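Novice: Next comes coords_30.cif, mmCIF, C-alpha atoms; chains and numbers go by the auth columns:
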```cif
data_final
loop_
_atom_site.group_PDB
_atom_site.id
_atom_site.type_symbol
_atom_site.label_atom_id
_atom_site.label_comp_id
_atom_site.label_asym_id
_atom_site.label_seq_id
_atom_site.Cartn_x
_atom_site.Cartn_y
_atom_site.Cartn_z
_atom_site.B_iso_or_equiv
_atom_site.auth_seq_id
_atom_site.auth_asym_id
ATOM 1 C CA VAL A 1 0.000 0.000 0.000 0.00 25 A
ATOM 2 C CA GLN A 2 1.168 3.575 -0.718 0.00 26 A
ATOM 3 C CA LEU A 3 -0.151 6.069 1.889 0.00 27 A
ATOM 4 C CA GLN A 4 -0.903 9.805 1.499 0.00 28 A
ATOM 5 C CA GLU A 5 -2.163 12.066 4.290 0.00 29 A
ATOM 6 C CA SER A 6 -4.063 15.325 3.870 0.00 30 A
ATOM 7 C CA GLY A 7 -6.144 17.748 5.910 0.00 31 A
ATOM 8 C CA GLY A 8 -3.449 19.185 8.145 0.00 32 A
ATOM 9 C CA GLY A 9 -3.054 22.860 8.811 0.00 33 A
ATOM 10 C CA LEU A 10 -2.596 25.611 11.384 0.00 34 A
ATOM 11 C CA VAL A 11 -5.492 26.391 13.719 0.00 35 A
ATOM 12 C CA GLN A 12 -6.264 28.279 16.892 0.00 36 A
ATOM 13 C CA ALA A 13 -6.676 26.324 20.118 0.00 37 A
ATOM 14 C CA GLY A 14 -10.179 24.955 20.543 0.00 38 A
ATOM 15 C CA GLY A 15 -10.614 24.471 16.796 0.00 39 A
ATOM 16 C CA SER A 16 -10.904 21.304 14.741 0.00 40 A
ATOM 17 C CA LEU A 17 -9.208 19.569 11.841 0.00 41 A
ATOM 18 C CA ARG A 18 -10.053 16.435 9.856 0.00 42 A
ATOM 19 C CA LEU A 19 -7.122 14.372 8.634 0.00 43 A
ATOM 20 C CA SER A 20 -7.484 11.792 5.912 0.00 44 A
ATOM 21 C CA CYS A 21 -5.235 8.980 4.739 0.00 45 A
ATOM 22 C CA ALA A 22 -5.708 7.515 1.285 0.00 46 A
ATOM 23 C CA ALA A 23 -4.447 4.120 0.172 0.00 47 A
ATOM 24 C CA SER A 24 -2.995 3.618 -3.283 0.00 48 A
ATOM 25 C CA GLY A 25 -2.393 0.225 -4.933 0.00 49 A
ATOM 26 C CA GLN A 26 -4.680 -1.604 -2.502 0.00 50 A
ATOM 27 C CA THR A 27 -7.653 -0.969 -0.274 0.00 51 A
ATOM 28 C CA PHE A 28 -7.272 -0.825 3.489 0.00 52 A
ATOM 29 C CA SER A 29 -9.134 -4.118 3.912 0.00 53 A
ATOM 30 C CA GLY A 30 -6.787 -6.571 5.570 0.00 54 A
ATOM 31 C CA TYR A 31 -4.663 -3.807 7.100 0.00 55 A
ATOM 32 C CA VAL A 32 -4.449 -2.108 10.448 0.00 56 A
ATOM 33 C CA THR A 33 -4.360 1.670 9.845 0.00 57 A
ATOM 34 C CA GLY A 34 -2.848 3.798 12.596 0.00 58 A
ATOM 35 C CA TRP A 35 -2.170 7.468 13.202 0.00 59 A
ATOM 36 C CA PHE A 36 1.077 8.524 14.857 0.00 60 A
ATOM 37 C CA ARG A 37 2.346 11.997 15.658 0.00 61 A
ATOM 38 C CA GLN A 38 5.770 13.498 16.217 0.00 62 A
ATOM 39 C CA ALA A 39 6.066 16.720 18.177 0.00 63 A
ATOM 40 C CA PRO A 40 9.273 18.736 17.599 0.00 64 A
ATOM 41 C CA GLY A 41 12.250 17.166 19.356 0.00 65 A
ATOM 42 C CA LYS A 42 10.209 14.147 20.520 0.00 66 A
ATOM 43 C CA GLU A 43 9.812 10.615 19.237 0.00 67 A
ATOM 44 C CA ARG A 44 6.846 9.350 17.239 0.00 68 A
ATOM 45 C CA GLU A 45 3.900 8.444 19.485 0.00 69 A
ATOM 46 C CA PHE A 46 0.712 6.478 18.933 0.00 70 A
ATOM 47 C CA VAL A 47 -2.524 8.411 18.419 0.00 71 A
ATOM 48 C CA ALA A 48 -5.248 6.050 17.178 0.00 72 A
ATOM 49 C CA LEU A 49 -5.838 3.005 15.041 0.00 73 A
ATOM 50 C CA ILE A 50 -8.658 1.214 13.308 0.00 74 A
ATOM 51 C CA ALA A 51 -8.504 -2.501 12.643 0.00 75 A
ATOM 52 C CA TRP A 52 -10.666 -5.417 11.585 0.00 76 A
ATOM 53 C CA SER A 53 -12.510 -3.067 9.177 0.00 77 A
ATOM 54 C CA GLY A 54 -13.828 -1.100 12.153 0.00 78 A
ATOM 55 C CA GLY A 55 -14.133 -3.988 14.605 0.00 79 A
ATOM 56 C CA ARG A 56 -11.329 -2.597 16.799 0.00 80 A
ATOM 57 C CA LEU A 57 -10.720 1.092 17.545 0.00 81 A
ATOM 58 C CA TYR A 58 -7.814 2.257 19.723 0.00 82 A
ATOM 59 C CA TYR A 59 -7.180 5.751 21.111 0.00 83 A
ATOM 60 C CA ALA A 60 -4.266 7.155 23.064 0.00 84 A
ATOM 61 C CA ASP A 61 -5.171 8.490 26.516 0.00 85 A
ATOM 62 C CA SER A 62 -4.377 12.076 25.540 0.00 86 A
ATOM 63 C CA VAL A 63 -6.820 12.158 22.594 0.00 87 A
ATOM 64 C CA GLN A 64 -9.706 9.950 23.778 0.00 88 A
ATOM 65 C CA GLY A 65 -13.058 11.693 23.445 0.00 89 A
ATOM 66 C CA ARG A 66 -11.570 14.492 21.338 0.00 90 A
ATOM 67 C CA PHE A 67 -10.389 12.467 18.308 0.00 91 A
ATOM 68 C CA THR A 68 -12.412 10.006 16.217 0.00 92 A
ATOM 69 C CA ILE A 69 -10.937 7.554 13.719 0.00 93 A
ATOM 70 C CA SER A 70 -13.092 6.052 10.983 0.00 94 A
ATOM 71 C CA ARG A 71 -13.107 4.511 7.517 0.00 95 A
ATOM 72 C CA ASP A 72 -15.265 5.071 4.479 0.00 96 A
ATOM 73 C CA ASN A 73 -17.430 2.290 3.061 0.00 97 A
ATOM 74 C CA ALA A 74 -14.979 1.458 0.273 0.00 98 A
ATOM 75 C CA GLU A 75 -12.187 1.216 2.900 0.00 99 A
ATOM 76 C CA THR A 76 -9.985 3.429 0.730 0.00 100 A
ATOM 77 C CA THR A 77 -9.774 6.349 3.182 0.00 101 A
ATOM 78 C CA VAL A 78 -9.138 6.505 6.926 0.00 102 A
ATOM 79 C CA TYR A 79 -10.207 9.689 8.710 0.00 103 A
ATOM 80 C CA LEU A 80 -9.039 11.304 11.935 0.00 104 A
ATOM 81 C CA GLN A 81 -11.468 13.898 13.236 0.00 105 A
ATOM 82 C CA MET A 82 -9.707 16.131 15.761 0.00 106 A
ATOM 83 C CA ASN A 83 -11.855 18.348 17.969 0.00 107 A
ATOM 84 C CA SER A 84 -11.054 20.620 20.918 0.00 108 A
ATOM 85 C CA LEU A 85 -7.479 20.938 19.715 0.00 109 A
ATOM 86 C CA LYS A 86 -4.801 22.006 22.202 0.00 110 A
ATOM 87 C CA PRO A 87 -1.256 23.375 21.575 0.00 111 A
ATOM 88 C CA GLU A 88 0.041 19.988 22.908 0.00 112 A
ATOM 89 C CA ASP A 89 -1.497 18.344 19.827 0.00 113 A
ATOM 90 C CA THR A 90 1.004 20.182 17.618 0.00 114 A
ATOM 91 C CA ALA A 91 2.984 17.619 15.622 0.00 115 A
ATOM 92 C CA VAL A 92 3.504 16.031 12.261 0.00 116 A
ATOM 93 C CA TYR A 93 0.800 13.371 11.953 0.00 117 A
ATOM 94 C CA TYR A 94 1.614 10.186 10.058 0.00 118 A
ATOM 95 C CA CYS A 95 -0.661 7.524 8.640 0.00 119 A
ATOM 96 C CA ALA A 96 0.727 3.991 8.939 0.00 120 A
ATOM 97 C CA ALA A 97 -0.437 0.542 7.824 0.00 121 A
ATOM 98 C CA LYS A 98 0.429 -3.077 8.569 0.00 122 A
ATOM 99 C CA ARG A 99 -0.865 -6.574 8.135 0.00 123 A
ATOM 100 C CA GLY A 100 -1.629 -8.497 11.297 0.00 124 A
ATOM 101 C CA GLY A 101 -2.250 -7.470 14.865 0.00 125 A
ATOM 102 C CA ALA A 102 -3.376 -4.061 16.079 0.00 126 A
ATOM 103 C CA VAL A 103 -0.377 -2.775 18.028 0.00 127 A
ATOM 104 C CA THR A 104 0.617 0.692 19.162 0.00 128 A
ATOM 105 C CA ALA A 105 4.397 0.517 18.547 0.00 129 A
ATOM 106 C CA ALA A 106 5.482 2.385 15.408 0.00 130 A
ATOM 107 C CA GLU A 107 8.317 -0.139 14.934 0.00 131 A
ATOM 108 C CA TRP A 108 5.863 -2.779 13.673 0.00 132 A
ATOM 109 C CA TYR A 109 4.217 -0.752 10.902 0.00 133 A
ATOM 110 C CA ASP A 110 5.554 -1.454 7.437 0.00 134 A
ATOM 111 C CA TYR A 111 3.979 1.393 5.438 0.00 135 A
ATOM 112 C CA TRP A 112 4.119 5.094 6.271 0.00 136 A
ATOM 113 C CA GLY A 113 2.829 8.240 4.663 0.00 137 A
ATOM 114 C CA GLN A 114 5.022 11.307 4.451 0.00 138 A
ATOM 115 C CA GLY A 115 2.960 13.067 7.122 0.00 139 A
ATOM 116 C CA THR A 116 0.764 16.144 7.378 0.00 140 A
ATOM 117 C CA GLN A 117 1.593 19.032 9.693 0.00 141 A
ATOM 118 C CA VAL A 118 -0.835 19.959 12.465 0.00 142 A
ATOM 119 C CA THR A 119 -0.211 23.217 14.346 0.00 143 A
ATOM 120 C CA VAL A 120 -2.365 24.497 17.212 0.00 144 A
ATOM 121 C CA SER A 121 -1.640 28.027 18.416 0.00 145 A
ATOM 122 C CA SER A 122 -2.705 29.381 21.782 0.00 146 A
#
```
Have the structure of the file written as C-alpha cells, please.

Specialist:
Amino acid sequence: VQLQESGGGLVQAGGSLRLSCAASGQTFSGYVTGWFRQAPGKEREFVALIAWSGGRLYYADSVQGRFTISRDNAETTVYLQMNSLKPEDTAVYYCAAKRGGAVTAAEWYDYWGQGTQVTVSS
C-alpha cells in the first residue's frame, strides 16, 4: 500500500481539523491503519488506530473523546477527526499501515505516509 495524508493545517486552540489517509495500490481491507504523531524534538507516538474493518478502535489516553478515527465504506480512506485541539497536539501526523495485529508501537508498521503538519496556536 502507498499512503498519502491530507487535511493538516494551522489552527487556533479549541478548533478542529479532519485528517485523511488515502491508500494507493490496494484498499485498506486486511490492514491495520494507525495514526502517529511526532512533536518537535520528541519521538513518534501512537494516536489512534482502526482494525478489523472497524471492529477494533484504539485511542491514546491524551486524545480519547476528542479524536475520532473512521473509515469510508470502500475502505480506501481513513479519517481522523480532531476536535477541541490544544497546543500539545502540535505535531507532524503520520498515517501507517500493517498486516496483522493491532499494536501501538510504530516499529511494527511497514507502510508510512510522508505526514501532514498539524499546528495548534494558543

Novice: On this structure, which residues satisfy the PyMOL selection byres ((chain A and resi 119) around 9), written as a ChimeraX atom specification?

Specialist: /A:27-29,44-46,57-61,102,117-118,120-121,135-140

Novice: Return the single residue from A:79, A:38, A:124, A:31 that is closest to residue 54 (chain A), with distances computed using all atoms listed in the file.

Specialist: A:124

Novice: Taking (-9.4, 3.5, 4.4) as a centre in this file's frame and 9 Å as the limit, can you find every polymer residue with an atom that close, using all atoms listed in the file, and give them as JSON, numbers by chain?

Specialist: {"A": [44, 45, 46, 47, 51, 52, 53, 57, 77, 94, 95, 96, 97, 98, 99, 100, 101, 102, 103]}

Novice: Could you spell out the hits of the PyMOL selection byres ((chain A and resi 72) around 9) on the shown file, as a PDB file with C-alpha atoms, in the frame of the given file?

Specialist:
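Below you can see expr-v1.pdb, which holds the result:
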```
ATOM      1  CA  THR A  57      -4.360   1.670   9.845  1.00  0.00           C
ATOM      2  CA  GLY A  58      -2.848   3.798  12.596  1.00  0.00           C
ATOM      3  CA  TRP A  59      -2.170   7.468  13.202  1.00  0.00           C
ATOM      4  CA  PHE A  60       1.077   8.524  14.857  1.00  0.00           C
ATOM      5  CA  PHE A  70       0.712   6.478  18.933  1.00  0.00           C
ATOM      6  CA  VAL A  71      -2.524   8.411  18.419  1.00  0.00           C
ATOM      7  CA  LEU A  73      -5.838   3.005  15.041  1.00  0.00           C
ATOM      8  CA  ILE A  74      -8.658   1.214  13.308  1.00  0.00           C
ATOM      9  CA  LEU A  81     -10.720   1.092  17.545  1.00  0.00           C
ATOM     10  CA  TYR A  82      -7.814   2.257  19.723  1.00  0.00           C
ATOM     11  CA  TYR A  83      -7.180   5.751  21.111  1.00  0.00           C
ATOM     12  CA  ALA A  84      -4.266   7.155  23.064  1.00  0.00           C
ATOM     13  CA  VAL A  87      -6.820  12.158  22.594  1.00  0.00           C
ATOM     14  CA  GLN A  88      -9.706   9.950  23.778  1.00  0.00           C
ATOM     15  CA  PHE A  91     -10.389  12.467  18.308  1.00  0.00           C
ATOM     16  CA  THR A  92     -12.412  10.006  16.217  1.00  0.00           C
ATOM     17  CA  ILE A  93     -10.937   7.554  13.719  1.00  0.00           C
ATOM     18  CA  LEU A 104      -9.039  11.304  11.935  1.00  0.00           C
ATOM     19  CA  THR A 128       0.617   0.692  19.162  1.00  0.00           C
TER      20      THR A 128
END
```

Novice: For the atom pair CA of residue 56 (chain A) and CA of residue 126 (chain A), what is the interatomic distance in Å to one decimal place?

Specialist: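 About the pair CA of residue 56 (chain A) and CA of residue 126 (chain A): they are 6.1 Å apart.
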
Novice: Give the answer as one residue: which of A:127, A:115, A:25, A:41 has the shortest atom-to-atom distance to residue 143 (chain A), using only C-alpha atoms?

Specialist: A:115

Novice: How many Å lie between CA of residue 49 (chain A) and CA of residue 141 (chain A), rounded to one decimal?

Specialist: 24.2 Å

Novice: Select, counting all atoms listed in the file, all protein, DNA and RNA residues no farther than 12 Å from (9.4, 14.9, 18.0) in file coordinates, and express the selection as a VMD selection string.

Specialist: chain A and resid 60 to 69 112 to 117

Novice: Using the chain letters and numbers from the file, give me the residues hit by the PyMOL selection byres ((chain A and resi 35) around 6), as a list in words.

Specialist: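 Against this file, the PyMOL selection byres ((chain A and resi 35) around 6) returns the residues residues 34, 36 and 144 of chain A.
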
Novice: Export, as a PDB file, in the frame of the given file, the selected residues with C-alpha atoms.

Specialist:
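Everything below was put into out.pdb:
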```pdb
ATOM      1  CA  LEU A  34      -2.596  25.611  11.384  1.00  0.00           C
ATOM      2  CA  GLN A  36      -6.264  28.279  16.892  1.00  0.00           C
ATOM      3  CA  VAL A 144      -2.365  24.497  17.212  1.00  0.00           C
TER       4      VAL A 144
END
```

Novice: CA of residue 133 (chain A) and CA of residue 108 (chain A) are how many Å apart?

Specialist: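 Atom-to-atom, CA of residue 133 (chain A) and CA of residue 108 (chain A) are spaced 28.1 Å apart.
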
Novice: Given only C-alpha atoms as the basis, pick out the residue of A:111, A:106, A:55, A:78 nearest to residue 32 (chain A).

Specialist: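 Under the stated criterion, the closest residue is A:106.
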
Novice: Counting all atoms listed in the file, which residue out of A:33, A:39, A:125, A:89 sits closest to residue 109 (chain A)?

Specialist: A:39

Novice: I need the residue nearest residue 43 (chain A) from this list: A:26, A:76, A:123, A:107. Use only C-alpha atoms for the distance.

Specialist: A:107

Novice: Box for region 118-135 of chain A: with edges along x, y and z, all listed atoms inside and 6 Å added on each side, what are the centre and edge lengths in Å to one decimal, as AutoDock Vina command-line options?

Specialist:
```
--center_x 2.5 --center_y 0.8 --center_z 12.3 --size_x 23.7 --size_y 30.7 --size_z 25.7
```

Novice: Considering all atoms listed in the file, can you say which of A:86, A:40, A:30, A:129 comes closest to residue 105 (chain A)?

Specialist: A:40
